[PDB]
There are 2 protein chains.
Amino acid sequence: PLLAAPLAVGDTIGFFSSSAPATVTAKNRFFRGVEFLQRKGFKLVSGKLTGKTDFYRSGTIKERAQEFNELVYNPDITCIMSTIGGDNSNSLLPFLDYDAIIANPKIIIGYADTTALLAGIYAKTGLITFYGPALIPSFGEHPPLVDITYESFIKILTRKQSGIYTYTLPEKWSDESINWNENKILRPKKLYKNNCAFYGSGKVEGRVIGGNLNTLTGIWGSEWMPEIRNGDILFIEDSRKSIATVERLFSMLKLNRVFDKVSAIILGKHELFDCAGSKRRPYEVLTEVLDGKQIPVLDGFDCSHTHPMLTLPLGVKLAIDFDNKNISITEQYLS
Amino acid sequence: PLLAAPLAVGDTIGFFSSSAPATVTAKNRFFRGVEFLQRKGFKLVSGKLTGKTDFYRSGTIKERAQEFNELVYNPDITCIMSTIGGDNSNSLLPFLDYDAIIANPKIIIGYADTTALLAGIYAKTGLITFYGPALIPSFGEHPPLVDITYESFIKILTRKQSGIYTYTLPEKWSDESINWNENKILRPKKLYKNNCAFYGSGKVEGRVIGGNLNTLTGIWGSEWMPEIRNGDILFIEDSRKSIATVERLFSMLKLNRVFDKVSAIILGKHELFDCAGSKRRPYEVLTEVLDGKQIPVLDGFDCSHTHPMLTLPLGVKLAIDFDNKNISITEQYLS
Ligand SMILES: NCCCO[P@](=O)(NC(=O)[C@@H](N)CC(=O)O)OC[C@H]1O[C@@H](n2cnc3c(N)ncnc32)[C@H](O)[C@@H]1O
Ligand SMILES: NCCCO[P@](=O)(NC(=O)[C@@H](N)CC(=O)O)OC[C@H]1O[C@@H](n2cnc3c(N)ncnc32)[C@H](O)[C@@H]1O
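1. A few points about the UniProt feature "domain: LD-carboxypeptidase N-terminal" (unreviewed entry) in chain A
For step 1, the next point in the chain: Here the UniProt-annotated "domain: LD-carboxypeptidase N-terminal" (unreviewed entry) positions come out as residues 13–132 of chain A.
For step 2, the next point in the chain: Helix makes up 38% of residues 13–132 of chain A and strand makes up 17%, while its end C-alpha atoms are separated by 14 Å.

Here's what the structure looks like:
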């Protein structure tokens, strides 16, 4: 695979808004995120659509593609980071400068709607991109949870590329829709004990592929959707969905023969899942959809819309040990 | 193509609930629909999940598939009609009896989420199915709008298969979210003049394919998504979506090279479209996504979630005359 240069303290991070104009609509949280990374020693370059609104988006399709491309053209930038997701990153894909991405590999990081770009860029270039922090939701998060997010971010991207990396398990997590865009918290978020579950036995090692499942529907079937192959580990997460939507998305994967191919599934913790009173969790729905197909599942990986968030390279080998209840990166993912 | 026998007044219509359990949650409207069709002279067979609830759905995946299949097996039923949509019809697709459908073709009709079944059945069998009335939303509608819906339903399904059929244009329409499951009305729905627009010139003739666009994402990429071919007319409609979602769905089509294949696009009227304050309509968003591609568009066809609703066969040739502002079925669609 194509590998970007590793991150280092003091590096320059460029940020872009490929969908929702949250540098305006969540400006307080944006400013907190900016200050957080600056105090860590990072220099920041603001994408050209920062501070702009086109109602539901930051700008036209072409303007958003231009914003991203301009960061790729900047030789000082080591990391290109999403400000926030939304709905509309998939629009940009025909207009990204893939040749420039190949010529100037950088750490591309974000999540949620930005999946369209992360997966699309991988499909076109083979570049290992990252499911991880977006500036506003991730680094604008109030303490204590932001520190755990940052610890993973800095560890994954700066560590020496020798031997496997085994993920730490966040001690506590939350998904509460409070403390979004103000100077002070209303009150502390509920801190849940980590209820991540490993369904299965032994160890499964394979290339990880996926991201935000709902977002994948926007690139599905196209040349920008990476081919899922036999032995892959499927990584999927969703946010604030009804159980109805979750069944729909799981069945989509089934119809596409994904469950005939994958060796394991990682479900990211689902932010504020709406069970419609059924008290069912996504894993139970997946089990029905699977129709007896035995696939080991890591249910509740902390790489999703919940806080804190871990950083995950996409398109490289992971090993999930279902007996020892851990997950590791086993393939080099930065130069 | 595989063709069902035409409907006749006095025939037996079977109904099924492949997703939302609206025979329970919208019981008043359900009874209105039942009574409406019975008064027309039709006999009705209730699917086995009528009156059942599994929270967000009518029953398990397998039970919903069985409900549908049992209607196919009933020799007295000439028309199989959806009660309502939802989210979860795509789950049924591995379990439908396609061979039984081929052996005894029937009129299969519905819309919205039921698109998964209409498209899936066509993909597997070549049966010409119908984008049209579902029992609860369509026939539980109060007069006068229900009468116009019925006129199209009965005209399309009973007419002699000789010569082209040219659609009537409903004089007035509504998408107002009132008089749903209430027993007695306070006022009729606000009525709007038909603002259907023909963007383009000349005549375009091609096989119509599509349905509810959001629903198509649940079957996309699979063997149940019918292949869109050079010359097809793409028919798409959506309901109650944000402009953000509409851009995402249009761009999905673009990424899939759909706009390189289609000879025309039919946009169904979008029920309660949320423009996010932009005052933009779906056609304007489509125009941006198309990036200069000169595809003629019929914007605002009355075959969608708005009232009244026309009945449209899927998988047969239509002719859109953009100069004379009309749309016709030009290929035999019933035996
Ligand atoms: N207009 C909203 C933009 C959504 O951007 P996104 O990156 N998500 C996506 O792209 C997928 N939904 C795409 C998909 O499902 O296909 O959200 C990131 C987090 O921000 C939080 N958040 C955003 N606004 C608020 C708010 N007003 N109050 C509290 N939390 C908020 C959310 O709770 C999320 O956890
Ligand atoms: N929970 C309701 C089930 C949705 O079933 P569906 O067949 N739609 C779909 O399958 C797509 N959304 C799938 C997709 O977009 O992917 O809706 C049909 C009409 O019923 C009306 N309706 C339903 N409930 C109400 C209500 N409480 N008040 C007023 N109108 C209502 C709606 O306004 C629609 O016009």
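2. Re the site of ligand 2
Residues and elements named next belong to chain B.
For step 1, the next point in the chain: Taken together, 16 residues sit near ligand 2, with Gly85, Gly86, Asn214, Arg240 and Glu271 positioned nearest.
For step 2, the next point in the chain: Within the backbone of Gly86, an N or O atom sits 2.8 Å from an oxygen atom of ligand 2.
For step 3, the next point in the chain: Within the backbone of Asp113, an N or O atom sits 3.1 Å from an oxygen atom of ligand 2.
For step 4, the next point in the chain: Coverage of ligand 2 by the protein amounts to 72% of the 700 Å² it exposes when considered alone.
For step 5, the next point in the chain: Of the residues belonging to the shell around ligand 2, the class tally is 5 nonpolar, 7 polar and 4 charged.
For step 6, the next point in the chain: Of the residues that make up the shell around ligand 2, three or more belong to each of domain 1 (1–164) and domain 2 (165–335).

3. Some details on the relation of the copies chain B and chain A
For step 1, the next point in the chain: Take chain B, turn it by 180°, move it 0.1 Å along the axis, and it overlays chain A with an RMSD of 0.3 Å. Classification of the inter-copy transformation places it as that of a two-fold axis. The rotation axis passes nearest to the C-alpha of B:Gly221 in chain B, at a distance of 2.4 Å.

4. Describing the site of ligand 1
Residues and elements named next belong to chain A.
For step 1, the next point in the chain: Near ligand 1 lie 16 residues; those nearest to it are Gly85, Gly86, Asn214, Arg240 and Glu271.
For step 2, the next point in the chain: Here an oxygen atom of ligand 1 and a side-chain polar atom of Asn214 are 2.9 Å apart.
For step 3, the next point in the chain: Take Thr215: an N or O atom from its side chain is 3.2 Å from an oxygen atom of ligand 1.
For step 4, the next point in the chain: Starting from 710 Å² of accessible surface for ligand 1 in isolation, the protein chains cover 72%.
For step 5, the next point in the chain: Looking at the shell around ligand 1 residue by residue, the class counts come to 5 nonpolar, 7 polar and 4 charged.
For step 6, the next point in the chain: Two domains each provide a minimum of three residues to the shell around ligand 1, namely domain 1 (1–164) and domain 2 (165–335).

5. As for the interface of chain B and chain A
For step 1, the next point in the chain: Across the contact, 43 residues belong to chain B and 43 residues belong to chain A.
For step 2, the next point in the chain: Carbon and sulfur atoms supply 48% of the area buried between chain B and chain A, which totals about 3700 Å² over both sides.
For step 3, the next point in the chain: By the criterion of area lost to chain A, the three top residues of chain B are B:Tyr56, B:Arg248 and B:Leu255, representing 21% of everything that side buries.
For step 4, the next point in the chain: Across the salt bridge formed by B:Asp291 and A:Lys62, the nearest N and O atoms sit 2.7 Å from each other.
For step 5, the next point in the chain: Remark: the boundary between chain B and chain A carries 33 residue pairs in polar contact.
For step 6, the next point in the chain: Sorting the residues of the side of chain B that touches chain A by element identifies α3 (61–73), α8 (213–216), α9 (243–255) and α10 (282–290) of chain B as the ones contributing at least two each.
For step 7, the next point in the chain: Element by element, the count of residues in the side of chain B that touches chain A is highest for α9(B), at 9 residues.

6. Some points on the nonpolar core
For step 1, the next point in the chain: With 221 residues, the main nonpolar core has A:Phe259 and B:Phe259 as its most contacted residues.
For step 2, the next point in the chain: With sequence-adjacent residues up to four places away left out, B:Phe259 is seen in contact with B:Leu234, B:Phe250, B:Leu253, B:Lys254, B:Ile265, B:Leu286, B:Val289, B:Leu290, B:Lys293 and B:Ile295.

7. Concerning the sheet that holds strand β5 (residues 129–131) of chain B
Residues and elements named next belong to chain B.
For step 1, the next point in the chain: Spatial strand order, β2-β1-β3-β4-β5-β14: 6 strands in an open sheet with mixed pairing. Two strands lie at the open edges of the sheet, namely β2 (43–46) and β14 (312–314), each paired on one side alone. Across this sheet, the average inter-strand angle for adjacent strands is 30°, counted without regard to direction.
For step 2, the next point in the chain: Lying on the sheet, α3 is in contact with β1 (12–16), β2, β3 (77–82) and β4 (107–110); it crosses β1 at an angle near 170°.

8. Side note on the domain arrangement of chain A
All names here are of chain A.
For step 1, the next point in the chain: As assigned here, chain A comprises domain 1 (1–164) and domain 2 (165–335).
For step 2, the next point in the chain: A C-alpha centroid distance of 21 Å is found between domain 1 and domain 2.
For step 3, the next point in the chain: Contacts between the two partners involve 52 residues from domain 1, matched on the other side by 50 residues from domain 2.
For step 4, the next point in the chain: Taken together, the two surfaces of domain 1 and domain 2 that pack against each other cover about 4200 Å², and 64% of this comes from carbon and sulfur.
For step 5, the next point in the chain: Sorting the residues of domain 1 by area buried against domain 2 places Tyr131, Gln161 and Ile164 first, and these three jointly supply 17% of that buried surface.
For step 6, the next point in the chain: Connecting domain 1 to domain 2 are 2 salt bridges.

9. Focus: the sheet that holds strand β1 (residues 12–16) of chain A
All names here are of chain A.
For step 1, the next point in the chain: Taken in spatial order, the 6 strands make up an open sheet running β2-β1-β3-β4-β5-β14, and their pairing is mixed. In this open sheet, the two edge strands, each paired with only one partner strand, are β2 (43–46) and β14 (312–313).
For step 2, the next point in the chain: With respect to the sheet, helix α2 (residues 27–39) is in contact with β1, β2 and β3 (77–82), its orientation differing from that of β2 by roughly 145°.
For step 3, the next point in the chain: The sheet strands contacting helix α3 (residues 61–72) are β1, β2, β3 and β4 (107–110), and the helix crosses β1 at an angle near 170°.

10. Some details on the packing of aromatic side chains
For step 1, the next point in the chain: Applying the stated criterion across every chain yields a total of 33 aromatic pairs over all chains.
For step 2, the next point in the chain: The interplanar angle of 80° and the centroid separation of 5.6 Å between the aromatic rings of B:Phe36 and B:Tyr150 together place this pair among those described as edge-to-face. On the criterion of sequence distance, the pair formed by B:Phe36 in helix α2 (residues 27–39) and B:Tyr150 in helix α7 (residues 145–158) is long-range, its members being 114 residues apart.
For step 3, the next point in the chain: On the accessibility criterion, B:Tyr150 (8% relative accessible area) is buried.
For step 4, the next point in the chain: Members of the aromatic cluster, each reached through a chain of ring pairs, are A:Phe36, A:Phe42, A:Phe139, A:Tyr150 and A:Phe153.

11. Examining the layout of surface pockets
Residue and element names in this part refer to chain A.
For step 1, the next point in the chain: Computed from the structure, the second largest pocket encloses a volume of approximately 450 Å³.
For step 2, the next point in the chain: Those elements that place two or more of their residues in the lining of the second largest pocket are β8 (192–193), β9 (197–199), β11 (233–237), α9 (243–255), β12 (264–268), α10 (282–290) and β13 (297–301).
For step 3, the next point in the chain: Per-element tally for the lining of the second largest pocket: the top contributor is α10, with 3 residues.
For step 4, the next point in the chain: In the lining of the second largest pocket, the residues fall into 12 nonpolar, 4 polar and 8 charged.

12. Focus on α9(B)
Structural remark: α-helix, 3.6 residues per turn; residues separated by three or four positions point the same way.
For step 1, the next point in the chain: When the terminal C-alpha atoms of α9(B) are compared, their 18 Å separation across 13 residues agrees well with the 18 Å that a helix rising 1.5 Å per residue should span.
For step 2, the next point in the chain: Among the 13 residues of α9(B), 12 are classified as buried, and the element is accordingly described as predominantly covered.
For step 3, the next point in the chain: All of the buried residues in α9(B) are B:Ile243, B:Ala244, B:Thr245, B:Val246, B:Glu247, B:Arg248, B:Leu249, B:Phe250, B:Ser251, B:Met252, B:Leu253 and B:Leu255.
For step 4, the next point in the chain: At its buried positions, α9(B) is contacted by α3 and α8 (213–216) of chain A together with α8, β11 (233–237), β12 (264–268) and α10 of chain B.
For step 5, the next point in the chain: With its phi angle positive at about 65°, B:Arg257 sits one or two positions after the end of α9(B).

13. Brief notes about empty space enclosed by the protein
Gaps left between atoms show up when a probe the size of a water molecule is rolled over them.
For step 1, the next point in the chain: Taken as a whole, the largest cavity encloses approximately 70 Å³ of empty space.
For step 2, the next point in the chain: Taken together, A:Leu118, A:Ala119, A:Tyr122, A:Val208, A:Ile209, A:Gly210, A:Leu216, A:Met225, A:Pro226, A:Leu314 and A:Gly315 form the lining of the largest cavity.
For step 3, the next point in the chain: Contributing elements (two or more residues each) for the lining of the largest cavity: α5 (115–125) and β10 (203–212) of chain A.
For step 4, the next point in the chain: Considered class by class, the residues forming the lining of the largest cavity number 9 nonpolar, 2 polar and no charged.
For step 5, the next point in the chain: Viewed by domain, the lining of the largest cavity spans two of them, domain 1 (1–164) and domain 2 (165–335) of chain A, each represented by three or more residues.
For step 6, the next point in the chain: At 3 residues, the largest contribution of residues to the lining of the second largest cavity is made by helix α5 (residues 115–125) of chain B.
For step 7, the next point in the chain: Each residue belonging to the lining of the second largest cavity can be placed in one class, and the counts come to 6 nonpolar, 3 polar and no charged.

Parameters at a glance
Residues numbered from 1 in each chain as written, not as in the entry; some residues may be left out. Chains lettered and ligands numbered in written order. Heavy atoms only, no water. Residues with missing side-chain atoms left out of burial classes, pairs and counts. UniProt positions renumbered as here; feature names shortened; annotations may be inferred. Helix = DSSP H or I, 4+ residues; strand = E, 2+ residues; numbered from the N terminus. Near = heavy atom within 4 Å. Polar contact = N/O pair within 3.5 Å; in protein donor to acceptor, adjacent residues only side chain to side chain. Areas by Shrake-Rupley, 256 points an atom, 1.4 Å probe, with all protein chains shown as cover. Nonpolar A, V, L, I, M, F, W, Y, C, P; charged D, E, K, R; others polar. Domains from an automatic or database assignment. Least-squares fit on C-alpha atoms. Contact = heavy atoms within 4.5 Å. Buried area = accessible area lost by both parts, 1.4 Å probe. Salt bridge = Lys/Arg side-chain N within 4 Å of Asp/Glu carboxyl O. Core = buried A, V, L, I, M, F, W, Y, C linked by side-chain atoms within 4.5 Å. Buried < 20%, exposed > 50% of the residue type's maximum accessible area, 1.4 Å probe, protein only. Pairing = 2+ DSSP bridges. Axes fitted to C-alpha atoms, helices over the stretch in contact; angles between N-to-C directions. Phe/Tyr/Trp six-rings, centres within 6.5 Å; stacked < 30°, edge-to-face > 60°. 1 Å grid on protein atoms, 1.4 Å probe; cavity = no way out; pocket = protein on both sides within 12 Å on 5 of 7 lines; lining within 4 Å. Points joined across faces, edges and corners; volume = space filled by probe spheres on them. Expected span 1.5 Å × (residues − 1).

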